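Examining the three-dimensional arrangement
Below, each chain spelled out in residue letters.
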Amino acid sequence: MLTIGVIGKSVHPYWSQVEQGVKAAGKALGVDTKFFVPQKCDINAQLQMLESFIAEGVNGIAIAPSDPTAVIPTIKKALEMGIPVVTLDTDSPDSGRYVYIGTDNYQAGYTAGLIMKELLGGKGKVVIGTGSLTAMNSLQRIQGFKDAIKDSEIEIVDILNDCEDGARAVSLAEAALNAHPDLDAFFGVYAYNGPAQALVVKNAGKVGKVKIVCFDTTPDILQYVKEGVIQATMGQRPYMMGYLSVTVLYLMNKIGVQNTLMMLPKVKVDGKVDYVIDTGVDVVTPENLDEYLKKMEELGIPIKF
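Residues numbered from 1 in each chain as written, not as in the entry; some residues may be left out. Heavy atoms only, no water. Residues with missing side-chain atoms left out of burial classes, pairs and counts.

Let's talk about the domain arrangement of the chain
Frequently, the measure chosen for interface size is the accessible area removed from exposure when the parts meet. Note the threshold: As used throughout, domain bounds are those supplied by an automatic or database domain assignment. A contact between two residues is defined here by any heavy atoms of the two lying within 4.5 Å. Computed with a 1.4 Å rolling probe, the buried area is the accessible surface lost when two parts are put together, summed over both parts. Within this document, salt bridges are pairs made up of a side-chain nitrogen of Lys or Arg and a carboxyl oxygen of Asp or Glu, the two lying within 4 Å of each other. In protein, a polar contact means a hydrogen-donor-capable atom and an acceptor-capable atom, both N or O and within 3.5 Å, with residues adjacent in sequence counting only if both atoms are side-chain atoms; elsewhere, any N or O pair within 3.5 Å suffices. As a working rule, the residues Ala, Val, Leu, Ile, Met, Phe, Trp, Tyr, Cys and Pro are called nonpolar, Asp, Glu, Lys and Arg charged, and the rest polar, with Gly in that last group.
Each assigned domain of the chain is listed here: domain 1 (1-103 + 236-280) and domain 2 (104-235 + 281-305). Between domain 1 and domain 2, the residue contacts involve 10 residues of the former and 13 residues of the latter. A buried area of about 1000 Å², summed over both sides, lies between domain 1 and domain 2, and 43% of it is on carbon and sulfur atoms. Viewed at the interface, domain 2 and domain 1 are joined by one salt bridge. One salt bridge connects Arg-237 with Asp-282, and the closest N-O pair in it is separated by 3.1 Å. Summed over the shared surface of domain 1 and domain 2, the number is eight residue pairs in polar contact. Residues of the side of domain 1 that touches domain 2, tallied by class, amount to one nonpolar, seven polar and two charged.

Right under this line is the structure:
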């Protein structure tokens, strides 16, 4: 039968959610799946594991590269052995990989924007909390958000860069609160941010007056949603990433690579045809939170808080 290899990034619960998508797809298509994650971030553990899958003679590989560049030659090698590659979670656009599957950050960002727009009624002042001003994921989530509220009176008054630091994030949010007494909303870009913002809003005795829209579905964030402090967060879909990474790789064995591409979404990059699947985002909210929990339970994903 078939053997497909899937390589994550580290042990994190996120990557267990990928693991389960992987496994669900194997059952439903009747294929064997081998999922691997080193204990912690380590390209060499990945790159060697890639080598193992190749040696072992698997039928399909899906990787989420910790180093988008270092993987390239190894991936090239697998393709020459007739092993199909695809990428999930984080892309290596120049690696030879047939398909990328993961969150579309611009598109997500946009989603959060429309959500914000609706919550504020087209009018308001917003502060953004992010952890980087160079990273693509951060820029795209912000580009999307910006574009979504453009045609409204809504106004972004600041963009606080805590440089990957929650301590700072908290301080930064407080500063904005003190600088802007009439602030209407926070928008948080990385997973750190919604809760940092929520901590500050709650401490300020400003729940509901100051709205919060942000990213991801960590137990701290779900807690804040339950408490009615965060009105909406963009939950990503790691499960669907591994799932479709398997399916897509399965089809490439069954109906060929060419026929599989033809089914998939088509993007051009500087005249070059590419294929990319956006796993999208769940818009989780105080009112639909119970539903989201069940959905997750059913997928066999546990949820702490």
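Quick look at the sheet that holds strand β13 (residues 281-284)
The condition is simple: Paired strands, as defined in this entry, are two strands with at least two bridges between them according to DSSP. Secondary structure elements follow DSSP: runs of H or I no shorter than four residues count as helices, runs of E no shorter than two count as strands, and numbering proceeds from the N terminus. An axis is simply a line fitted to the C-alpha atoms; with a helix, the fit covers only the stretch in contact. Between two such axes, the angle follows the N-to-C directions and lies from 0 to 180 degrees.
Read from one edge of the open sheet, six strands run β7-β6-β8-β9-β10-β13, paired in mixed fashion. The outermost strands of the open sheet, each flanked by one partner alone, are β7 (155-161) and β13. Each neighbouring strand pair of the sheet contributes to a mean axis angle of 15°, computed without reference to strand direction. The pairing of strand β8 (residues 185-188) with strand β9 (residues 211-215) spans three bridges and is classified as parallel. Looking at the pairing, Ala-185 lines up with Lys-211 of β9. Each of β6 (125-130), β7 and β8 is contacted by helix α6 (residues 166-179), which is oriented at about 150° to β7, the strand it contacts most.

As for the pattern of salt bridges
For clarity, the threshold we go by: Each residue gets one of three labels from its accessible area relative to the maximum for its type: buried under 20%, exposed over 50%, partly exposed in between, using a 1.4 Å probe on protein chains only.
All told, the structure shown has 10 salt bridges when counted by the stated rule. Measuring nitrogen to oxygen at the nearest pair gives 2.8 Å for the salt bridge that ties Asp-182 to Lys-125. Highlighted residues: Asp-182 in the loop between α6 and β8 and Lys-125 in strand β6, separated in sequence by 57 residues. Classification of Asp-182 as partly exposed rests on a relative accessible area of 41%. The network of salt bridges with shared partners includes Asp-91, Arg-97 and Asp-274.

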